[PDB]
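Asks:
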Amino acid sequence: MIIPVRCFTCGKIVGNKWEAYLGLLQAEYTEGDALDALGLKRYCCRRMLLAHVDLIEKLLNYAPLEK
Amino acid sequence: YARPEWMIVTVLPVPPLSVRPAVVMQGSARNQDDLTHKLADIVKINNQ
Amino acid sequence: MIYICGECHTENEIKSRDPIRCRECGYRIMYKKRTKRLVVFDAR
Amino acid sequence: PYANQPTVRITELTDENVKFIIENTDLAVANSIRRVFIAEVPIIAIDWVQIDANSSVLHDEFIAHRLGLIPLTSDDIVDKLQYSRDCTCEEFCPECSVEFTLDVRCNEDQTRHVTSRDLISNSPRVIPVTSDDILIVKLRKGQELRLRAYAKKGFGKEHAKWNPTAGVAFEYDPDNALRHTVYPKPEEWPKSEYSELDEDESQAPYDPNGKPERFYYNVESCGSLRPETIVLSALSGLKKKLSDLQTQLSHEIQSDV
Amino acid sequence: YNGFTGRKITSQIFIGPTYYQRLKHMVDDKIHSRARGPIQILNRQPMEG
RNA sequence: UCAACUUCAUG
Ligand SMILES: CO[C@@H]1[C@H](O)[C@H](n2cnc3c(=O)nc(N)[nH]c32)O[C@H]1COP(=O)(O)OP(=O)(O)OP(=O)(O)O
Ligand SMILES: [Zn+2]
Ligand SMILES: [Zn+2]
Ligand SMILES: [Zn+2]
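Going down the list, the protein sequences come from chains x, o, z, q and p. Just so we're aligned: the first sequence equals residues 1 to 67 in PDB author numbering. Just so we're aligned: the second sequence equals residues 242 to 289 in PDB author numbering. Just so we're aligned: the third sequence equals residues 15 to 58 in PDB author numbering. Just so we're aligned: the fourth sequence equals residues 2 to 132, 146 to 271 in PDB author numbering. Just so we're aligned: the fifth sequence equals residues 1029 to 1077 in PDB author numbering.
1) Can you tell me the Cβ-Cβ gap for z/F55 and q/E62, rounded? I've got them flagged as a contact below 8 Å.
2) Are q/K175 and q/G69 closer than 8 Å when you measure CB to CB?
3) Could you list the residues in the segment 64-89 of chain q with a C-beta less than 7 Å from some C-beta on chain p, going in chain order?
4) Pair every Cβ in the segment 42-50 of chain z with every Cβ in the segment 152-159 of chain q, then say whether three or more of these pairs are closer than 8 Å.
5) Run through chain z and tell me which residues come within less than 8 Å of x/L60, C-beta to C-beta.
6) Are any of the Cβ atoms in chain z nearer than 8 Å to that of x/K67?
7) Cβ closer than 9 Å: which chain p residues qualify as neighbours of q/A31?
8) Name the chain x residues that come within less than 7 Å of q/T112, Cβ to Cβ?
9) Please state whether the Cβ-Cβ distance between q/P72 and q/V130 is less than 8 Å.
10) Beta carbon of x/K12: closer than 7 Å to some heavy atom of ligand 2?
11) Check whether the Cβ of x/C45 sits closer than 7 Å to any heavy atom of ligand 4, and report yes or no.
12) Report the residue from x/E28, x/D54 and x/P64 whose alpha carbon sits nearest the alpha carbon of q/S57.
13) Whose Cβ in chain q lies nearer than 7 Å to the Cβ of x/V5?
14) Pick helix, strand or coil for x/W18, following the three-state DSSP scheme.
15) Give me the Cα-Cα distance between q/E109 and z/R31, rounded to the nearest whole angstrom.
16) So o/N287 is in the alpha helix (DSSP H); what residue range does that whole segment cover?
17) Could you check the C-alpha separation between x/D36 and x/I2 for me, to the nearest Å?
18) Is the beta carbon of residue 114 of chain z within less than 7 Å of some heavy atom of ligand 3?
19) Alpha carbons only, please: which of q/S235, q/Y231, q/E207 and q/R240 is nearest the one belonging to q/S33?
20) o/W247 lies in the alpha helix (DSSP H); which residues open and close that run?
21) How would you label q/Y164, buried or exposed, when you count the other beta carbons within 10 angstroms and need 16 or more for buried?
22) Got a sec: which bits of the segment 207-236 of chain q sit with their beta carbon under 8 Å from any beta carbon on chain x, in order along the chain?
23) Have a look at q/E207, q/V30, q/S264 and q/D80 and flag the residue whose alpha-carbon is nearest the alpha-carbon of residue 1 of chain q.
24) For the alpha helix (DSSP H) that x/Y43 lies in, which residues bound it at each end?
25) Distance cutoff 8 Å, beta carbons only. Does o/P254 sit that close to anything in chain p?
26) Check the DSSP bridge columns for p/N1030 and list the partner residues they point to.
27) Assuming q/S209 contacts q/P226 under a Cβ cut-off of 8 Å, what Cβ separation, rounded to an integer in Å, is found between them?
28) Would you please verify whether the beta carbon of z/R58 is less than 8 Å from any beta carbon of chain q?
29) Would you list the residues sitting across from p/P1074 in a DSSP beta bridge?
30) Going by the CB atoms, is the gap between q/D147 and q/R240 shorter than 8 Å?
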């Protein structure tokens, strides 16, 4: 739903890297090159960003219960 | 222990209420067991 | 209590034994609204 | 009949990483040092959350989880702070905990990214490793997150939120000479970064009298503690565990006498 | 490397990222115990479920 | 704190 803080396997913080990952993907960088630029080295951490599905954006489309 | 005449039904045994419990909902209503309804039918026909 | 409206999201106060209809929108789905008492969550 | 004298050589030292080599040490001591890196180095993390208002899509305990996983600078005061159990005061106080507050509302139309930057600490030494930022939640217009949190000292044995390190790389015998791992086809196996072998030789010759020594460590910090002080705190904590064990052992021996 | 002792595991182990699913069957929903609890009306025997 | 029925899952 939202990018997890900390990779499950090791615990490196991956929560701060999702917006930068998306921006690098918009730049031109391939997924692997963007992951390298963010500093993700072990495949455990690269799985976190590479396989993440951001549903929080779809959930934000619904209007809040209390405005 | 068993005479052939006793096989023919002249008196129908009515089971106790333990055999046919009254099924209670919310105290608002009391459904009756299938046996109670069948015995009611039998009593009606017998009275007729 | 105070019930938030389902559609117009405006809090309306409905007494007991009163029909559930929001004033000014008429929607029939209200929500009870979060409690004042606070619950502690362990971050674990 | 006595302990060997270990030696340390630090190869790399960066704000996020310490690469070092420990020589003339036992495998058990080295492995337990690594184990203490992971699990028994104290750190500061949020363990109490009280959410006054959460209209975000994520439920309250999801928000609390994410807040707990957020690293917090614990370089100096984690040694000063006491555990909540040790502290005399009921619940939590400045000595046993640190207080954070979050009051964010998305008044504007554009989606508001609540970050670790929005967490405000009562004591300046603990900050959420902000000096991007960890994203706690995204708020649509009209959605608000208000909460108070208390961060306490603890170590990774309690919960992984208190792990001070990301990945501890531990290797010994880079070229297989003790044959602790027996390769079915040695040539197919990639050389280690610490390997000193020539490219032709897949494995070093079997050393019958050898013992695991010259352990290689790479300790990556999560940012809460500096990677050097993770290792120093681990050594000190292991020494303190041994000293407590010795004190209890002496007391029980005296009792038996 | 063995986590408890630090020694290399002799047999090299197959590791990789595989997708795993959490099925809805959880132990907390299944654990059950009975001791002189509620009893049915007709059979006067322990209830079901 | 009822009971019948159905369907869907678990071995
Ligand atoms: C091995 O035999 C067992 C038992 O006989 C018992 N059992 C299961 N279903 C039934 C049933 O409908 N009726 C009756 N009477 N018994 C039943 O289950 C059988 C096996 O079934 P399975 O073949 O699916 O076991 P996997 O081989 O599949 O095991 P995985 O790798 O998933 O753990
Ligand atoms: Zn990782
Ligand atoms: Zn309304
Ligand atoms: Zn205190």
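Idealized CB from N, CA, C, for every residue including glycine.
Replies: Here's the rundown:
1) 5 Å
2) yes
3) Along the segment 64-89 of chain q, there is no position whose C-beta sits under 7 Å from a C-beta of chain p.
4) no
5) Per Cβ cutoff of 8 Å: no residues; x/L60 is ~16 Å from chain z at best.
6) Yes, contact with chain z.
7) The contacting residues are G1034.
8) Near q/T112 (Cβ distances below 7 Å), the residues of chain x are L60.
9) yes
10) yes
11) no
12) x/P64
13) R67, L70, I71 and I148
14) Helix at x/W18.
15) Going by the C-alpha atoms only, they are around 39 Å apart.
16) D275 to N288
17) 21 Å
18) Shown here, chain z extends from 15 to 58; a query on residue 114 of chain z therefore has no answer.
19) q/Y231
20) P245 to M248
21) Around the C-beta of q/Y164, 16 or more other C-beta atoms lie within 10 Å, and the residue is accordingly described as buried.
22) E234 and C236
23) This structure leaves residue 1 of chain q out entirely; chain q is present only between 2 and 271.
24) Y43 to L50
25) Closer than 8 Å: no.
26) Answer by DSSP bridge pairing: none, since p/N1030 is not bridged.
27) That pair is no contact at about 16 Å.
28) yes
29) p/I1067
30) no
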